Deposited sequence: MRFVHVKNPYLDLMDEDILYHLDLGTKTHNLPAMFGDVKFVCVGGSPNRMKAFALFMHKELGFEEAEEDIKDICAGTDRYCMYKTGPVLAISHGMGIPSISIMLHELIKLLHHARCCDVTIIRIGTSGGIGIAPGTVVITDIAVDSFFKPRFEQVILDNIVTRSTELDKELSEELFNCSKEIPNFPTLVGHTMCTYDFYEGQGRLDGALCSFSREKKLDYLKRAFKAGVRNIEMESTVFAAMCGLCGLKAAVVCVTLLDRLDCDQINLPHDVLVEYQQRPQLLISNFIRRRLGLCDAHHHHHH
């Protein structure tokens, strides 16, 4: 299963400059650097993805680690064996830029049988803080499994279907881990952290506590268990380009109780490190380690 691009113009170009990743087909040997990539792990925070790469290095059995995108502060990239770790910033536009350049990179490198997993934090709906949610379906603010984007003057809608067997395999992996609360459920992706997630603590708020609670309860009823900001564009682009995608997010709070993240530093760090424990278990099982 090869990673493929869906653009007939790429083939016509003499060189491909991955401007935001500060990489290129002329300046770099992409099949030699990335041809053996089988696992791509993406998160927002560059410090957290650096820590994930260092963690995976030890989990793969090996005994500081160079940013392949050291030339740019937009994104960071680390590679340990068949595992690629990439930061993507916050929001649908920031991850979309990364995904466009990454899908082109994996296709130039002729990668195949690639699993890509978004790891991060989210807000929970009716679930205990620190719960790990494996997304089965990524939905928009209207609880619809679709990704809408504007291309020129037109709105184009794409499917956000995530690989079902991969979400089942990640859940089966999670059961072996002690003190690891895990759940398979829908994930709602929004464009705004504050008004877009029904928060009452933003600079702007025109709705009531009752209106936000009714909204969150309807989301729970539609099967939504967590809220984040990258899942729909991630699921839509990866599925379409030959990548088996998954979303594994830890919850930092239950939105049916509050909007402000107020956790002790050591609890926040523990929760933040829960998705990487599952991915490590999953990669180690896939590689026979």
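In this chain the deposited sequence has gaps in the coordinates at 1, 65-68, 295-303, listed in sequence order.
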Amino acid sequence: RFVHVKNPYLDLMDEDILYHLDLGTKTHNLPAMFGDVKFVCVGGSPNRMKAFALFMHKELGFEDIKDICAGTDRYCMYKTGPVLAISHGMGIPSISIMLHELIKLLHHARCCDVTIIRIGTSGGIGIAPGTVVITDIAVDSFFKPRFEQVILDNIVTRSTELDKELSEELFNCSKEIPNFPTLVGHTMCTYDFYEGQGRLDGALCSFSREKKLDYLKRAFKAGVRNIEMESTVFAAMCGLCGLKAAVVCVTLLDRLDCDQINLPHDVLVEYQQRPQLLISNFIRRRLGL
From here on, numbers count along this sequence of modelled residues.
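Stretches 258-266 and 226-234 differ in mean CA B factor, with 258-266 having the higher one. When the mean C-alpha temperature factors of 71-79 and 101-109 are read from the deposited coordinates, 71-79 comes out higher. Of the candidates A128, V156, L166, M90, the deposited coordinates give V156 the top C-alpha B factor.
Each of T160, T115, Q197, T135 has a CA temperature factor in the record; the biggest one is found at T160. Split the chain's modelled residues into thirds by C-alpha temperature factor. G61 is in the highest one. Among all modelled residues in this chain, the alpha-carbon of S141 has a temperature factor (C-alpha) in the middle third.
Compared with the other modelled residues of the chain, the Cα B-factor recorded for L18 ranks in the highest third.
Sort the modelled residues of the chain by CA B factor and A246 lands in the lowest third. Split the chain's modelled residues into thirds by C-alpha temperature factor. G43 is in the lowest one.
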